[PDB]
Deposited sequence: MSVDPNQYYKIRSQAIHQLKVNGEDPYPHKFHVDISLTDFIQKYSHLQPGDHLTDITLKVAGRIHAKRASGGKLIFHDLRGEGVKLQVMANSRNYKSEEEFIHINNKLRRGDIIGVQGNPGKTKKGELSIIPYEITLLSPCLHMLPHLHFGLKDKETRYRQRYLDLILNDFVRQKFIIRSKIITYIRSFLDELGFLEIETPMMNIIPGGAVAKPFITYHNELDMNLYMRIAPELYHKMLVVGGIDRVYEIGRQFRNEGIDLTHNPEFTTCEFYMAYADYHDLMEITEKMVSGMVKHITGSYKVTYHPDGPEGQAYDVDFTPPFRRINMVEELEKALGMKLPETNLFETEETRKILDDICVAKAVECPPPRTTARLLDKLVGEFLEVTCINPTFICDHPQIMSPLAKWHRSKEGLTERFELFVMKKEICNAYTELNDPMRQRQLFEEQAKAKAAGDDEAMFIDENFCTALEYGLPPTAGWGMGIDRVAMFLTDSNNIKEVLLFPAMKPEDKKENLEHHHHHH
């Protein structure tokens, strides 16, 4: 009854079968039909039926084994997210002696192959009356009673998938999101590409990277934090529309919305601006929600199942707000003119404001970091429905093109849904001279203690000197999308094997 004792007893038993030549891990079992197809094919049977003219082979894991005498055993077979009952009757088994022998060997959790006839019990339960049951793979451990401890579910995802059917549904939704994006972009003529994940200098975002070393080339390398720079070089190369759904690596802390490795979808469209991208984003996100959930409305539980429930409407158009103007409205005070957002005086003003508003910001207390903390405190929390926060200051967007009418701002937007950032996009900065200037400013910030400041990428600047057409780029966090599409407040729910403390 003790788990460790159960494991020792079952292990010795299975080992005995091996020495005796009983083959507890057979090489092959021919499955004639899946459980799902079996259910749809014989669900029309009537209570008490027993189809003696059809013999099929099925397989699955034993979820329960209840004895109804010495000659009747019921096995609850599960697989493919469905259930199928195995009505093991001694009179129908190949022999009474073998009926007792196989059932005494079976335990809950074992993988078995079943050869029998379809039938339905007197109570109306579809079943398979077996002629022969074969042990395919025994379960040496005791399975949980259920399984609710988050730590165990995340450290042994196979147990979570075996015991909780809602978990499989979340990962099916996640795959539907990725497949929907690929179909959407492929239809628009985008070419799916793959760019390096190991870089001499990481770039395309503000983040601390992972460091590794290549022996044969005697070189230090960084895991990519974003593929943005390689994508723009491809647009310079003449591939007007490219996209890539892949992993990004950021050596930062783990929390409800951050994992060291995560999946994003980045795409670049030549001859487009951030205004075109807002419309494309509205069409893609709203259509994705409708296609997967059936409607434009989604229920949101910010405080778990026992909390308030909010209806989130994804019907376009999405609301748009300007970051600086809304931040001033939230603070009830006017901020400096946008063309002064790069001065030290503006940094001191924002620093003082953060202190007075109890908005914390760990060093370095740079304008970009202080603004980010203020936006997360006063604007992000109010973005329940899909909201576009636009025209970010240049100081927070070293790769975005300057705003054509608002000095000091950029043609950028971020899509927020259920208090989380989903997309990051902007009109691409294609002026090589101005890009190098912003890179030089980033290097100074880095040399002064900023682990996330960008490195100067001269190779990328050189590519921009060859001519990058006016372009608009976009990045979406696939994990974050799966979170709001599965009503999950923790990113670990949408990652098969999330990063964990040892």
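> What are the unmodelled segments when the structure is compared with the full deposited sequence, in sequence order?
No C-alpha coordinates exist for 1-2, 148-150, 508-521.
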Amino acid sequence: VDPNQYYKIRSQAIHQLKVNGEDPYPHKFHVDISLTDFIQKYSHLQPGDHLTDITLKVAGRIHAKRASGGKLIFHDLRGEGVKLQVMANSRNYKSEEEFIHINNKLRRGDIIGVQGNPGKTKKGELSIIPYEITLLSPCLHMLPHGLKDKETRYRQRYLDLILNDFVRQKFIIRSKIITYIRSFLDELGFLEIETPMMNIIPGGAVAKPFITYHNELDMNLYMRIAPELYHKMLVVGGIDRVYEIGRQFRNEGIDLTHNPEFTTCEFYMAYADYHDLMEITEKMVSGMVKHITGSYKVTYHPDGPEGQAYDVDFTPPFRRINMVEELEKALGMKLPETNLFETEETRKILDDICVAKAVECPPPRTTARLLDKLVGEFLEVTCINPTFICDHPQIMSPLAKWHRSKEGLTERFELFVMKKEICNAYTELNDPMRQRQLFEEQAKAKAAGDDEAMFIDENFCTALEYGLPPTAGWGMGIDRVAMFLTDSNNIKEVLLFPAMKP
From here on, numbers count along this sequence of modelled residues.
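> Which is higher on mean Cα B factor in this entry, 437-445 or 465-473?
So the stretch with the higher mean C-alpha B-factor is 437-445.
> Per the record, averaged over C-alpha atoms, which has the higher B-factor: 298-306 or 367-375?
In the deposited entry, the stretch with the higher C-alpha B-factor mean is 298-306.
> Per the PDB entry, which option out of 313, 244, 428, 132 has the greatest Cα B factor?
Going by the entry's C-alpha B-factors, 313 comes out highest.
> What third of the chain, by the recorded C-alpha B-factor, contains residue 248?
Residue 248: CA B-factor falls in the lowest third of its chain.
> Going by the recorded CA B-factors, say which third of the chain residue 41 sits in, lowest, middle or highest.
According to the entry, residue 41 has a C-alpha B-factor in the chain's highest third.
> Looking at the entry's B-factor column for C-alpha atoms only, identify whether residue 51 ranks in the lowest, middle or highest third of its chain.
Highest third.
> Select lowest, middle or highest to describe the third in which the CA B-factor of residue 272 falls within its chain in this entry.
Tercile = lowest for this residue's CA B-factor.
> Relative to the other modelled residues in the chain, which third contains the C-alpha temperature factor of residue 489: lowest, middle or highest?
Within its chain, residue 489 is a highest-third residue by C-alpha B-factor, going by the deposited values.
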